[PDB]
Structures are given as C-alpha cells and as structure tokens.
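A.B. asks:
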Amino acid sequence: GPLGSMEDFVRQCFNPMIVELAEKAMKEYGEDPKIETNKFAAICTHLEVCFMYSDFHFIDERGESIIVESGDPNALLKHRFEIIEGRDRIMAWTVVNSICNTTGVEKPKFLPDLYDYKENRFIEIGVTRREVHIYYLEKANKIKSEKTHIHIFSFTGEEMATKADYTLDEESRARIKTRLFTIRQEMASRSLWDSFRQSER
Ligand SMILES: [Mn+2]
Ligand SMILES: [Mn+2]
Ligand SMILES: [Mn+2]
C-alpha cells in the first residue's frame, strides 16, 4: 500500500491534547517533532498509556480503591493516581515535592510517571517495541530507585512489572493493550510500523 506520514497518523489518531503535550515535551528537550517523528509517536503513545493507566481509578469514602467508568464520579471520591508525566519540568518536580514531604515517601532521582495513593509508591511506565524483560532491566538499571515501581507494556501484549505486582486489574490493563494493538495495526496499514518498531534502539 501507499506510505503515509507519521505526522498524519499522530494528528488523526491521538487526541489533540496529547499531541500538544508531546510537542511541548519534545520542545523542552530540544527535539524536533517534524524530524524525530517516530519518537514523536512514541511520546504520544507513552503519554496516552499513562493517562489510561490512571483513568477511572478512585479512592472511595472508606479509603478503598474502586473503578468508576461512568461520567459523574460522586464528589467525595479522590483520584487514585497523581499524574507526573505530561507536565513541564518545574511543575512535575513541584508535584513530586508536594507528594513526598506529604506522604513521607522519599524523593526520586528521575521524574517518574505516576504516583499511586493506594500502594503509596511512584510508578515508572514503559512502552516498548522490544522484549519486555530487556526493557524492564534497562529501566531498573537507569533509576535504581528501589521504591519506584516499574510497569512495562510491549506492543506484543506482554507486560513486566516489579515483583510481579501489576497494580491494576486485568480489564484496565486490557484497555491499554487494546489501544496499543490498535496503534500498531493502524501504523501497519499506513506502512509506518516496521520503521517505528526498528527505531526504538
Ligand atoms: Mn474528578
Ligand atoms: Mn515519564
Ligand atoms: Mn515512562
């Protein structure tokens, strides 16, 4: 089939809010979305996984975790996750600081992606086009925060998480894997997938 542009794919298949955040993210780190297009799509994907990971999860009036997929979560519910990814450098560290000195949890050395108020830990989310175990080890070796929980998703549907603790129910993680499958298939139909996969390096 004809070869599409990654730009077209990103703008057509990701929410504009996600795209704008990815653009702002690449700018902050001196990367050009119009040249590093595979990275651009990977940033969008990762960002969306982080949001989907957090979606629908609340801590109820008793302090127990629950899922509310309707539109109106009653006012007394608290979001289960703090989202750190998708924020500019200053705000992200401000949030991390607001979490740490509060919950007493120690400060990480790299910005994680989320904070889990139920499990009382920071989470690093990974999305890989490679083998989950390799990517997991790379992540672990980079941060070695020990307290930061790592959760990896691959585009083949495999997951790997610290201490075989996957945090979320099967359905939540299934939503994420369905979305990644959709991204991969759509890229493939536009003849963008092979390059995207090989780009991760
Ligand atoms: Mn709310
Ligand atoms: Mn991050
Ligand atoms: Mn991450």
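First residue of the sequence shown? That's -4 in the deposited numbering, and the numbers climb one at a time after it.
Just so it is clear, CB atoms sit at the ideal spot from N, CA and C, and this is done for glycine as well.
What does the alpha-carbon distance come out to for the pair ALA36 and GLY121?
C.D. replies: Their backbone Cα atoms lie some 14 Å apart in a straight line.
A.B. asks: Excluding the five sequence neighbours on either side, which residues of its own chain have a C-beta within less than 7 Å of the C-beta of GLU64, listed in chain order?
C.D. replies: Closer than 7 Å at Cβ, skipping near neighbours: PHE51.
A.B. asks: Helix, strand or coil for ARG116? Go by DSSP, reduced to three states.
C.D. replies: Note: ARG116 maps to strand in three-state DSSP.
A.B. asks: Give me the residue from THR151, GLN7, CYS45, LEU16 with the minimum Cα distance to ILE118.
C.D. replies: Cα-wise, what sits closest to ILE118 is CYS45.
A.B. asks: Take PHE9 and list the residues in its own chain whose beta-carbon comes closer than 6 Å to its own, dropping the five residues that flank it on each side.
C.D. replies: Closer than 6 Å at the Cβ level, and outside the excluded window around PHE9, lie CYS39.
A.B. asks: Using the DSSP secondary-structure output, state which residues sit across from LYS73 in a beta bridge.
C.D. replies: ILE54.
A.B. asks: Distance check for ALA159 and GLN180, CA to CA, integer angstroms please.
C.D. replies: Roughly 28 Å separates the two Cα atoms.
A.B. asks: Just the C-alpha distance for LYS102 and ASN92, rounded to the nearest angstrom, thanks.
C.D. replies: Roughly 7 Å between the two C-alpha positions.
A.B. asks: Kindly provide the ranges of any beta strand (DSSP E) runs that are 3 or more residues long and lie completely inside the region 113 to 173, ordered along the chain.
C.D. replies: The qualifying runs are 116 to 123, 144 to 149, 154 to 156.
A.B. asks: Candidates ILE94, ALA156, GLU15: which alpha carbon is nearest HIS144's?
C.D. replies: Among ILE94, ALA156, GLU15, the Cα nearest to that of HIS144 belongs to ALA156.
A.B. asks: Using the C-alpha atoms, what's the distance from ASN96 back to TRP188?
C.D. replies: If I take the Cα positions, the gap works out to 43 Å.
A.B. asks: Could you tell me if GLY25 is buried or exposed, where buried requires 16 or more neighbouring beta carbons within 10 angstroms of its beta carbon?
C.D. replies: It is exposed - the Cβ of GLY25 has fewer than 16 other Cβ atoms within 10 Å.
A.B. asks: Could you please give the first and the last residue of the uninterrupted alpha helix (DSSP H) stretch that includes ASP3?
C.D. replies: 1 to 8 is the extent of the alpha helix (DSSP H) around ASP3.
A.B. asks: Does the Cβ of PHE105 have 16 or more other Cβ atoms within 10 Å, making it buried, or fewer, making it exposed?
C.D. replies: Exposed.
A.B. asks: Of all the options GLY66, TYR112, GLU56, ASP55, which has the alpha carbon lying nearest to the alpha carbon of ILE78?
C.D. replies: Selected option, being the one with the closest Cα: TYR112.
A.B. asks: Who does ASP67 pair with in a DSSP beta bridge?
C.D. replies: None; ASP67 has no bridge partner.
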